[PDB]
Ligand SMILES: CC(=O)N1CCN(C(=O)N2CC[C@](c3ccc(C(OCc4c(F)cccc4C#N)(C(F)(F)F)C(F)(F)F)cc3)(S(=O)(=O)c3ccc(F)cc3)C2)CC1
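Shown below, as C-alpha cells, is a lone chain in the form deposited without the named molecule; questions about how it binds or moves come after it.
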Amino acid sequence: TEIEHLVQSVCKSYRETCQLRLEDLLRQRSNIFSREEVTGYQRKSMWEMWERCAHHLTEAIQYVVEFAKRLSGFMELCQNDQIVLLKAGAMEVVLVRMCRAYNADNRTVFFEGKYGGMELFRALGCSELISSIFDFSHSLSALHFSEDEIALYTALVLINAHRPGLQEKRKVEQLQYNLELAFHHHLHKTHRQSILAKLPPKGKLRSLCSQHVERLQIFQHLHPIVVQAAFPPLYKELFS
C-alpha cells in the first residue's frame, strides 16, 4: 500500500497544480478563435506576445515547482539537488502538460480562453519552435494520456538521478525507483502498458526543451519581463 499511497499522493499533487480541469479543456474544444480574433493576435507586437507568453510560462513553471514540492521525499532532498532537478526538468514538465490543452482534430491549443492554431503566434517570429511544440503535443495527444498517466510520467521527468550535478544521487535514485514502480504498477492495473513503447524517445523532450528555453533566454535578454519570484534559489539559476 506504500506504492498505492504514492500513486494517490502524486495524483493529488497533480490535481492541486494542473491549472485547468481536463473536462473544462474538453468542453471548450468548440470555442475556437474567429478569423477576426486570430488577426488581432497576429497584429500584436512580437514584444506584447512575448510578455503574454512569458507570463503564462512563468505561472506554468511555478505550478510545476508546487507539484514537485508535494512529491513524497522531494523536500527531504538537499536544496542543491532540488534546484538541479527543477532547473533540468520543470520546463520539460510544462511542455508535457501542454498536450492536455491540444486538440489533434484541428491542431489547436487552448490559449487565453479559446482554441487557436499555431498561426495565432505569428507575431513571435519563431514558427520553427512553435511548429516543434505543436508536433510534440500532437505526438502525446495521440496516446490519449490519462490524468494519472500525466501525473506519474511528469513526476519521473523531474525525479531523474542521471541529472548532472546531484550531490546525493542515491537519495534521488530511491525516489526514482518508487515512482517508476508506481507508474508501471498503475499501467498494469489499467491495461495501459502499451503506451510505454509509444512515449517520446530518449532525447526528444530534452532537445525540444533546450531549444525552447534558449529562445526564452534570447527574448528575456532583449525584452526582460518582471517575474513574481516565488522560489528565490531557482529564480537565481534562471535569471541574471
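Note that residue numbering follows the sequence shown and begins at 1.
From this point on, the text means the form deposited with the named molecule bound, which you will not see here.
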Problem - Ligand-site obstruction classification: the named molecule, superposed in the entry with it bound, backbone or C-beta within 2.4 Å - result: blocked
Practice task
Classify residue 172 as contacting or not contacting the named molecule in the entry with it bound by the rule of any non-hydrogen atom within 4.5 angstroms, answering yes or no.
Solution key: no
Exercise for the section: Decide whether residue 38 counts as a contact residue for the named molecule in the entry with it bound under a heavy atom distance cut-off of 4.5 Å. Expected result: no
Practice task
Evaluate residue 101 for contact with the named molecule in the entry with it bound, applying a 4.5 angstroms cut-off between non-hydrogen atoms, and reply yes or no.
Solution key: yes
Problem - Partner proximity in the entry with it bound: residue 56 to the named molecule, non-hydrogen atom cutoff 4.5 Å - result: yes
Fill in the blank from the handout: As a check of understanding, the residue in 152, 109, 77, 71 with any heavy atom within 4.5 Å of the named molecule in the entry with it bound should be identified as 109
